[PDB]
Amino acid sequence: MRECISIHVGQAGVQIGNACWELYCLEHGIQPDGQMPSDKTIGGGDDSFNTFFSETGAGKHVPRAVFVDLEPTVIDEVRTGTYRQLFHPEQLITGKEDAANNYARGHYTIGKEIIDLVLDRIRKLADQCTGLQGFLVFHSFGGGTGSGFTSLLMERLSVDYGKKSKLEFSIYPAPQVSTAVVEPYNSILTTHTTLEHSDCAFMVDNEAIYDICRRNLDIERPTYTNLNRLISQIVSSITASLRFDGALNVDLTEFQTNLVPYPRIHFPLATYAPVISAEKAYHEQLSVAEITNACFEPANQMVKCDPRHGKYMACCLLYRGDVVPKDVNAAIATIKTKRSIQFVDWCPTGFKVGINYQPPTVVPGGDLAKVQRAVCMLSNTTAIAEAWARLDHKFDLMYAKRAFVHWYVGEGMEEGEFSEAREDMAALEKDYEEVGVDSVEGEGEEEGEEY
Amino acid sequence: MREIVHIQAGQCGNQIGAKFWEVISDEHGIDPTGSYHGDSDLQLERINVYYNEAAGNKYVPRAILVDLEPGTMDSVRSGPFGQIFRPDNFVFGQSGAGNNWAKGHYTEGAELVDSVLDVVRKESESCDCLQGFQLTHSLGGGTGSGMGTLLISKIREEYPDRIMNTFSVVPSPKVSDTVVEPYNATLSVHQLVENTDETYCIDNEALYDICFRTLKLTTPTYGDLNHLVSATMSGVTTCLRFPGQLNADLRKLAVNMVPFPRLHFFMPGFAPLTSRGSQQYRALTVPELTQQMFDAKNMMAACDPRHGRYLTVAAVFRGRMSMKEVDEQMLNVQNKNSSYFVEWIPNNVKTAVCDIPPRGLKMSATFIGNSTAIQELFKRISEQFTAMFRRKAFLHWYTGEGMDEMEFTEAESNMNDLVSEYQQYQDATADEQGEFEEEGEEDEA
Ligand SMILES: Nc1nc2c(ncn2[C@@H]2O[C@H](COP(=O)(O)OP(=O)(O)OP(=O)(O)O)[C@@H](O)[C@H]2O)c(=O)[nH]1
Ligand SMILES: Nc1nc2c(ncn2[C@@H]2O[C@H](COP(=O)(O)OP(=O)(O)O)[C@@H](O)[C@H]2O)c(=O)[nH]1
Ligand SMILES: [Mg+2]
């Protein structure tokens, strides 16, 4: 019909997939062991969510999910957790040794020992999609398997299924926060390999989401369970049009056709709103304008570059729940009219708008805001060229001294691989500079009069 | 005798279509069983124009549903009058058009459009005299744009002398809902311009403003916005189904609205339009109907007709009307507004009057005005299109389905040519045009 398939790649992808797949059950009434607790048509009906689940037995749900890190410790938490009896036991996949925060262990040794077991179970899910759209991968660019397996999966999928939607969903490098000494290398060996494959790739940073939780939600203590249980609502707001009815719904293809002027410029940065504390939600007005204002606010962005350092190319601004097309048109006309909120000179048409009737729904187990309506935004902009410039800075100090490179060598990797990934970053730097320019015409050299 | 097929295409065009068919089912007294239990002979005795007749006292609407994405199509099925629609008139893909006109023209529409043409045929061998084709769709859509212009350009080769008529959502001037609007719109207009007979331009920026200004609706919904559209398609087809003093059927209409075969894009309007406050105080009369019909904020395009000149106008009045009171109001406008008519088409009005008003209005009028003013639409879209193809922006997605750069050039070449034809006739003289040279005086030898 309209089927999607998610792959949860490495520790971050997995930790995220546990948040996501609480909410994908919870939206439909589906219980933590796949059960539909009450069904108006046992063996058909609505059930609009066969796009996210395959049905078995007497109306038990099996999800359309995959879990993989070469660490049992993070997958066994799926097979012994609160939801163990939801998922499929040959869809909680491991390997014999975890990837040490390294690329080459993925791409040329140990990921390369598990890729054909994974691609096979993916083939059995795919054949059971009557209307396969494509697949999403959830990762960190800074991850070990995150870098090393996504790359090797999308080298396989993009010529296994081809014209099918190729998506990524990525934890994207923090400006000042870090986790690992080896993140710049993991990121840049994956962009080299995988930016040739995704049609659109959707971006968030932990340093911004920590900010959202400390400011907007007014949480003193963001655990990763506090963080990821926000992100759930991002893909819940992206995926609504495939899960519920409405007025102006958006397939997984249309983000591509609209967010991407050029097929290297397909990394749009997310934000989602409203986000308030359980004190703030009782004094706010939370109308569509006021959401849409907070959606373009620089502090409020889910990748931590200020969009004002950039210029906007394109954007996608989907609305969910209590929302009205004239009221939305009014907020678009407002952000548009404030030209100070800056687009490129050449932009004829920069927007993609949507209406889905089902509201936002939270989780059990917080002091949380049960709002009536929400927006989910993705920004395409030269502001990502500020954080490319940071990867250009991080890389060159390490790689000149040739720090760490022997750990990648000894697990299957060329030296020319690093070099040719940074070469691609030398291109990307400029691929993003040949856009931020104004459309004015002319060439060569002159020093005299025409008049 | 004379019967019309309608097609609905796009998630946009089927959501309009599904509610047009409610409004019409209301006008004819059809119950959501597909059964007539209305309230006048005529409603049943001219049901033929729109529905197939079926045994056991049933009518099936002669409308087809098309979208390459299954989503909204099922929303129409389990909604209002969804069960009167024929299951075998739903024709649906799996993948979508992706907002992409060339994925609709070349991939997922070529893969599906014959199976439709077959249903369109099965409908056409149900029509004793096939009138022609109505469409509702979106130009900013994928499927409505791309797979509809596939269908438009294929019908015309198969149905040569029948009319093929269109009610398009068109891009608006202030905002945009989809980024590839200028590509989709301009690739569309390329096909439409030479395979259709009418192009009713419908614009959400006006629809949203009519709902806010004239009906004092604080929060206009798409429910609201399709209603006006439905009551205007209603209007435009009233003279086949319902009698009166002057009947102006879809043939007769078109003859009086298209002066040359490419100048067939119109600004429709509905009258009256009045808030729940206003309805108490305004008198519902032929002169307040005429004034609201010319009222430059009340047209269904977000473009100001007073920027140009009417080539031609038509009106469809509905209810108990008085012929001198219609004609003299049509005359009073043309007298006080001489600057708003083109001077070499004389007396720029097509009148027509039906006996029978729309259900829940004591009297109404429909406007179909053909102005130069539509230059504005093609002026904005062809600069936005050169803004895109000059920089090959968004274009890899469509070439990536088997289109070539020659075609973008030919869609553009034609729209620029087309805006130059409407601007050739924007304010074109009734005074002679060109060749101003002469013979001299006789000379000594
Ligand atoms: N948002 C978020 N990021 C996470 C989470 N877990 C870790 N990270 C990030 O993801 C990366 C760490 O993952 P890794 O430890 O490299 O996990 P892996 O990909 O499986 O690599 P190996 O375990 O060595 O196979 C760093 O860039 C972290 O900032 C999580 O649950 N949420
Ligand atoms: N006026 C009107 N326009 C609509 C409605 N729903 C969608 N649209 C518009 O149609 C476009 C959406 O395109 P869509 O139908 O999704 O593409 P398609 O399915 O590929 O043909 C946008 O311009 C929307 O504003 C509706 O009910 N009424
Ligand atoms: Mg791991």
# chains A, B, ... in the order shown; residues from 1 in each chain; ligands from 1
call {"tool": "residues_near_ligand", "arguments": {"ligand": "ligand 2", "cutoff": "8 Å", "atoms": "only C-alpha atoms and all ligand atoms", "output": "PyMOL selection string"}}
result
(chain A and resi 247-250+353) or (chain B and resi 9-16+67-69+96-100+104+137-147+169-171+176-178+202-204+207+222-223+225-226)
call {"tool": "interface_residues", "arguments": {"of": "chain A", "to": "chain B", "cutoff": "9 Å", "atoms": "only C-alpha atoms", "output": "compact mmCIF listing (two decimals) with N, CA and C atoms, in the first residue's frame"}}
result
# COMPACT_ATOMS: atom_id res chain seq x y z
N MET A 1 0.84 -1.21 0.00
CA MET A 1 0.00 0.00 0.00
C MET A 1 0.87 1.25 0.00
N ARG A 2 1.31 1.68 1.17
CA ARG A 2 2.31 2.72 1.35
C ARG A 2 3.34 2.42 2.43
N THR A 130 3.66 -4.43 -0.48
CA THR A 130 2.86 -4.34 -1.68
C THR A 130 2.97 -2.99 -2.38
N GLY A 131 3.28 -1.97 -1.56
CA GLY A 131 3.61 -0.63 -2.00
C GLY A 131 4.80 -0.05 -1.26
N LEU A 132 5.94 -0.73 -1.32
CA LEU A 132 7.22 -0.22 -0.86
C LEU A 132 7.54 1.16 -1.40
N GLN A 133 7.64 2.12 -0.49
CA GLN A 133 8.15 3.47 -0.72
C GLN A 133 9.67 3.56 -0.78
N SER A 241 1.08 11.75 7.56
CA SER A 241 0.42 11.70 6.27
C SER A 241 0.28 10.29 5.73
N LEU A 242 1.10 9.35 6.21
CA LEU A 242 1.04 7.93 5.94
C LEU A 242 0.36 7.02 6.96
N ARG A 243 -0.20 7.66 8.00
CA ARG A 243 -0.70 6.97 9.17
C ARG A 243 -2.10 7.37 9.61
N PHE A 244 -2.48 8.55 9.10
CA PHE A 244 -3.76 9.19 9.37
C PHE A 244 -4.25 10.04 8.20
N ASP A 245 -5.53 10.40 8.17
CA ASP A 245 -6.09 11.28 7.16
C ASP A 245 -6.09 12.76 7.49
N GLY A 246 -6.50 13.61 6.55
CA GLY A 246 -6.35 15.04 6.73
C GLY A 246 -6.88 15.80 5.53
N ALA A 247 -6.13 16.84 5.17
CA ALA A 247 -6.47 17.76 4.10
C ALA A 247 -5.42 18.03 3.02
N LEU A 248 -4.12 17.90 3.27
CA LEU A 248 -2.95 18.16 2.45
C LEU A 248 -1.76 17.37 2.97
N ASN A 249 -1.71 16.07 2.63
CA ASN A 249 -0.77 15.12 3.18
C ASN A 249 0.39 14.98 2.22
N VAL A 250 1.54 14.65 2.81
CA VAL A 250 2.85 14.66 2.19
C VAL A 250 3.54 13.31 2.28
N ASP A 251 3.65 12.54 1.19
CA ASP A 251 4.44 11.34 1.04
C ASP A 251 5.93 11.57 1.26
N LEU A 252 6.65 10.47 1.48
CA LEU A 252 8.08 10.42 1.69
C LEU A 252 8.79 10.85 0.41
N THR A 253 8.19 10.81 -0.79
CA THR A 253 8.81 11.36 -1.97
C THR A 253 8.86 12.88 -1.92
N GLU A 254 7.79 13.56 -1.50
CA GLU A 254 7.66 14.99 -1.76
C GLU A 254 8.67 15.86 -1.06
N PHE A 255 9.14 15.51 0.14
CA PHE A 255 10.23 16.16 0.83
C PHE A 255 11.43 16.27 -0.11
N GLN A 256 11.73 15.22 -0.87
CA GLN A 256 12.85 15.18 -1.78
C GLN A 256 12.64 16.21 -2.88
N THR A 257 11.49 16.16 -3.56
CA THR A 257 11.17 16.96 -4.72
C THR A 257 11.18 18.43 -4.35
N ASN A 258 10.98 18.80 -3.09
CA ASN A 258 10.77 20.15 -2.59
C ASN A 258 11.98 20.62 -1.79
N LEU A 259 12.66 19.88 -0.92
CA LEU A 259 13.80 20.28 -0.12
C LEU A 259 15.15 20.40 -0.80
N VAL A 260 15.24 19.91 -2.02
CA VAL A 260 16.48 19.62 -2.72
C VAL A 260 16.58 20.37 -4.05
N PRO A 261 17.15 21.56 -4.14
CA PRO A 261 17.43 22.17 -5.42
C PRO A 261 18.43 21.40 -6.27
N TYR A 262 19.36 20.66 -5.67
CA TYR A 262 20.55 20.06 -6.24
C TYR A 262 20.88 18.74 -5.56
N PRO A 263 21.28 17.63 -6.19
CA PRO A 263 21.36 16.39 -5.45
C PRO A 263 22.60 16.13 -4.62
N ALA A 314 15.13 26.68 0.53
CA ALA A 314 13.92 25.87 0.58
C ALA A 314 13.66 25.53 2.04
N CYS A 315 12.40 25.08 2.17
CA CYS A 315 11.80 24.70 3.44
C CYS A 315 10.53 23.88 3.31
N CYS A 316 10.24 23.08 4.33
CA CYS A 316 9.09 22.20 4.45
C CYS A 316 8.50 22.37 5.85
N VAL A 323 -5.50 22.85 13.02
CA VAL A 323 -4.83 23.75 12.09
C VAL A 323 -5.72 23.92 10.86
N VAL A 324 -5.58 25.11 10.24
CA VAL A 324 -6.54 25.72 9.36
C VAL A 324 -5.83 26.24 8.11
N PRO A 325 -6.19 26.05 6.85
CA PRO A 325 -5.27 26.36 5.77
C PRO A 325 -5.01 27.85 5.54
N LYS A 326 -5.98 28.72 5.85
CA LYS A 326 -5.96 30.16 5.76
C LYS A 326 -5.06 30.74 6.85
N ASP A 327 -5.04 30.13 8.03
CA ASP A 327 -4.26 30.48 9.20
C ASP A 327 -2.77 30.20 9.13
N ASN A 329 -1.60 29.90 5.84
CA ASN A 329 -1.25 30.79 4.76
C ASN A 329 -0.81 32.16 5.26
N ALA A 330 -1.54 32.61 6.29
CA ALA A 330 -1.24 33.79 7.07
C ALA A 330 0.11 33.83 7.78
N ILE A 332 2.62 31.82 6.77
CA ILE A 332 3.64 31.71 5.75
C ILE A 332 3.84 33.12 5.23
N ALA A 333 2.82 33.87 4.81
CA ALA A 333 2.83 35.24 4.33
C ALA A 333 3.54 36.21 5.25
N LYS A 336 7.40 35.06 5.18
CA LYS A 336 7.81 35.55 3.88
C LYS A 336 8.00 37.07 3.81
N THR A 337 7.11 37.88 4.37
CA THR A 337 7.06 39.32 4.29
C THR A 337 8.20 39.88 5.13
N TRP A 346 17.79 34.27 -5.73
CA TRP A 346 17.28 33.49 -6.83
C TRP A 346 15.99 32.76 -6.54
N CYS A 347 15.54 32.72 -5.28
CA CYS A 347 14.47 31.84 -4.84
C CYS A 347 13.18 32.37 -5.43
N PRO A 348 12.53 31.65 -6.35
CA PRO A 348 11.17 31.92 -6.79
C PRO A 348 10.06 31.44 -5.87
N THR A 349 10.28 30.32 -5.18
CA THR A 349 9.34 29.49 -4.47
C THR A 349 10.11 28.57 -3.53
N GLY A 350 9.93 28.75 -2.22
CA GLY A 350 10.74 28.18 -1.16
C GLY A 350 10.14 27.29 -0.09
N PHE A 351 8.93 26.76 -0.34
CA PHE A 351 8.04 26.34 0.72
C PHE A 351 7.38 25.04 0.28
N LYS A 352 7.04 24.33 1.36
CA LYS A 352 6.24 23.12 1.28
C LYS A 352 5.45 22.94 2.57
N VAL A 353 4.13 22.98 2.39
CA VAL A 353 3.09 23.08 3.41
C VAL A 353 2.19 21.86 3.40
N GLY A 354 1.73 21.43 4.58
CA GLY A 354 0.90 20.26 4.76
C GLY A 354 -0.07 20.37 5.93
call {"tool": "residues_around", "arguments": {"residues": "residue 268 of chain B", "least_positions_apart": "6", "cutoff": "10 Å", "atoms": "only C-alpha atoms", "output": "PDB file with C-alpha atoms, in the first residue's frame"}}
result
ATOM      1  CA  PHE B 167     -11.204  23.841 -13.122  1.00  0.00           C
ATOM      2  CA  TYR B 200     -11.211  28.113 -15.091  1.00  0.00           C
ATOM      3  CA  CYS B 201      -8.438  29.549 -12.919  1.00  0.00           C
ATOM      4  CA  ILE B 202      -9.126  28.913  -9.233  1.00  0.00           C
ATOM      5  CA  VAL B 229     -15.998  25.939  -6.178  1.00  0.00           C
ATOM      6  CA  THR B 232     -19.664  27.634  -9.229  1.00  0.00           C
ATOM      7  CA  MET B 233     -19.221  24.370 -11.206  1.00  0.00           C
ATOM      8  CA  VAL B 236     -21.561  26.783 -14.928  1.00  0.00           C
ATOM      9  CA  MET B 293     -20.329  39.742  -9.760  1.00  0.00           C
ATOM     10  CA  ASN B 298     -15.003  38.772  -5.154  1.00  0.00           C
ATOM     11  CA  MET B 299     -13.515  37.044  -8.225  1.00  0.00           C
ATOM     12  CA  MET B 300     -11.938  33.572  -7.651  1.00  0.00           C
ATOM     13  CA  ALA B 301      -8.465  34.761  -8.747  1.00  0.00           C
ATOM     14  CA  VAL B 313     -18.091  38.118 -19.826  1.00  0.00           C
ATOM     15  CA  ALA B 314     -20.758  35.591 -19.141  1.00  0.00           C
ATOM     16  CA  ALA B 315     -23.469  35.329 -16.433  1.00  0.00           C
ATOM     17  CA  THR B 366     -22.466  32.976 -11.628  1.00  0.00           C
ATOM     18  CA  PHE B 367     -19.696  35.094 -13.155  1.00  0.00           C
ATOM     19  CA  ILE B 368     -17.291  33.751 -15.777  1.00  0.00           C
ATOM     20  CA  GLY B 369     -15.154  36.716 -16.812  1.00  0.00           C
ATOM     21  CA  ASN B 370     -12.427  36.618 -19.465  1.00  0.00           C
TER      22      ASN B 370
END
call {"tool": "closest_residue", "arguments": {"among": "A:72, A:359, A:268, A:274", "to": "residue 289 of chain A", "atoms": "only C-alpha atoms"}}
result
A:274
call {"tool": "residues_around", "arguments": {"residues": "residue 20 of chain A", "least_positions_apart": "3", "cutoff": "6 Å", "atoms": "only C-alpha atoms", "output": "PyMOL selection string"}}
result
chain A and resi 17+23+232
call {"tool": "write_last_selection", "arguments": {"atoms": "N, CA and C atoms", "output": "PDB file, in the first residue's frame"}}
result
ATOM      1  N   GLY A  17      15.591   4.194  18.368  1.00  0.00           N
ATOM      2  CA  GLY A  17      14.503   3.353  17.917  1.00  0.00           C
ATOM      3  C   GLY A  17      13.571   2.849  19.005  1.00  0.00           C
ATOM      4  N   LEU A  23       6.119   5.204  20.586  1.00  0.00           N
ATOM      5  CA  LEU A  23       5.143   6.163  20.121  1.00  0.00           C
ATOM      6  C   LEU A  23       4.411   5.632  18.901  1.00  0.00           C
ATOM      7  N   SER A 232      11.067  11.451  18.741  1.00  0.00           N
ATOM      8  CA  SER A 232       9.915  10.650  18.373  1.00  0.00           C
ATOM      9  C   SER A 232       8.908  11.505  17.610  1.00  0.00           C
TER      10      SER A 232
END
call {"tool": "residues_near_ligand", "arguments": {"ligand": "ligand 3", "cutoff": "8 Å", "atoms": "only C-alpha atoms and all ligand atoms", "output": "PyMOL selection string"}}
result
chain A and resi 10-11+69-71+98-101+143-146
call {"tool": "write_last_selection", "arguments": {"atoms": "N, CA, C and O atoms", "output": "PDB file, in the first residue's frame"}}
result
ATOM      1  N   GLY A  10      23.585   1.194  14.798  1.00  0.00           N
ATOM      2  CA  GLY A  10      24.476   1.462  15.918  1.00  0.00           C
ATOM      3  C   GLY A  10      23.795   1.853  17.225  1.00  0.00           C
ATOM      4  O   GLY A  10      22.593   2.046  17.280  1.00  0.00           O
ATOM      5  N   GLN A  11      24.536   2.108  18.304  1.00  0.00           N
ATOM      6  CA  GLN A  11      23.994   2.478  19.597  1.00  0.00           C
ATOM      7  C   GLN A  11      23.036   3.667  19.584  1.00  0.00           C
ATOM      8  O   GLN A  11      21.948   3.507  20.130  1.00  0.00           O
ATOM      9  N   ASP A  69      23.417  -3.332  16.146  1.00  0.00           N
ATOM     10  CA  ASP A  69      24.744  -2.913  16.547  1.00  0.00           C
ATOM     11  C   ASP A  69      25.450  -4.206  16.912  1.00  0.00           C
ATOM     12  O   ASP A  69      24.916  -5.209  17.382  1.00  0.00           O
ATOM     13  N   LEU A  70      26.775  -4.174  16.744  1.00  0.00           N
ATOM     14  CA  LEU A  70      27.536  -5.400  16.927  1.00  0.00           C
ATOM     15  C   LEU A  70      27.855  -5.726  18.381  1.00  0.00           C
ATOM     16  O   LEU A  70      28.821  -6.383  18.734  1.00  0.00           O
ATOM     17  N   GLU A  71      27.069  -5.030  19.212  1.00  0.00           N
ATOM     18  CA  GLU A  71      26.947  -5.120  20.646  1.00  0.00           C
ATOM     19  C   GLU A  71      25.596  -5.695  21.075  1.00  0.00           C
ATOM     20  O   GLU A  71      24.598  -4.985  21.090  1.00  0.00           O
ATOM     21  N   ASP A  98      31.656  -5.262  18.514  1.00  0.00           N
ATOM     22  CA  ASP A  98      31.229  -3.900  18.310  1.00  0.00           C
ATOM     23  C   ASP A  98      32.364  -3.101  17.697  1.00  0.00           C
ATOM     24  O   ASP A  98      33.558  -3.408  17.740  1.00  0.00           O
ATOM     25  N   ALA A  99      32.027  -1.981  17.054  1.00  0.00           N
ATOM     26  CA  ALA A  99      32.900  -1.309  16.112  1.00  0.00           C
ATOM     27  C   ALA A  99      33.868  -0.275  16.661  1.00  0.00           C
ATOM     28  O   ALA A  99      34.543   0.368  15.861  1.00  0.00           O
ATOM     29  N   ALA A 100      34.092  -0.137  17.978  1.00  0.00           N
ATOM     30  CA  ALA A 100      35.083   0.671  18.662  1.00  0.00           C
ATOM     31  C   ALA A 100      35.075   2.175  18.405  1.00  0.00           C
ATOM     32  O   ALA A 100      36.111   2.844  18.410  1.00  0.00           O
ATOM     33  N   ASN A 101      33.935   2.742  18.033  1.00  0.00           N
ATOM     34  CA  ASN A 101      33.844   4.065  17.449  1.00  0.00           C
ATOM     35  C   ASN A 101      34.610   4.147  16.138  1.00  0.00           C
ATOM     36  O   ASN A 101      35.085   5.274  15.957  1.00  0.00           O
ATOM     37  N   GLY A 143      29.064   8.050  15.078  1.00  0.00           N
ATOM     38  CA  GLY A 143      29.068   6.684  15.580  1.00  0.00           C
ATOM     39  C   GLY A 143      30.099   5.788  14.909  1.00  0.00           C
ATOM     40  O   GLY A 143      30.455   5.994  13.751  1.00  0.00           O
ATOM     41  N   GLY A 144      30.465   4.696  15.582  1.00  0.00           N
ATOM     42  CA  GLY A 144      31.256   3.667  14.934  1.00  0.00           C
ATOM     43  C   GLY A 144      30.541   2.768  13.931  1.00  0.00           C
ATOM     44  O   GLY A 144      30.688   3.042  12.747  1.00  0.00           O
ATOM     45  N   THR A 145      29.596   1.966  14.443  1.00  0.00           N
ATOM     46  CA  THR A 145      28.710   1.324  13.501  1.00  0.00           C
ATOM     47  C   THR A 145      27.940   2.407  12.752  1.00  0.00           C
ATOM     48  O   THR A 145      27.816   2.283  11.538  1.00  0.00           O
ATOM     49  N   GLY A 146      27.556   3.508  13.407  1.00  0.00           N
ATOM     50  CA  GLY A 146      26.832   4.601  12.807  1.00  0.00           C
ATOM     51  C   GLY A 146      27.477   5.025  11.494  1.00  0.00           C
ATOM     52  O   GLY A 146      26.773   5.059  10.489  1.00  0.00           O
TER      53      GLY A 146
END
call {"tool": "residues_around", "arguments": {"residues": "residue 385 of chain A", "least_positions_apart": "4", "cutoff": "7 Å", "atoms": "only C-alpha atoms", "output": "number ranges by chain"}}
result
A: 389, 429, 432
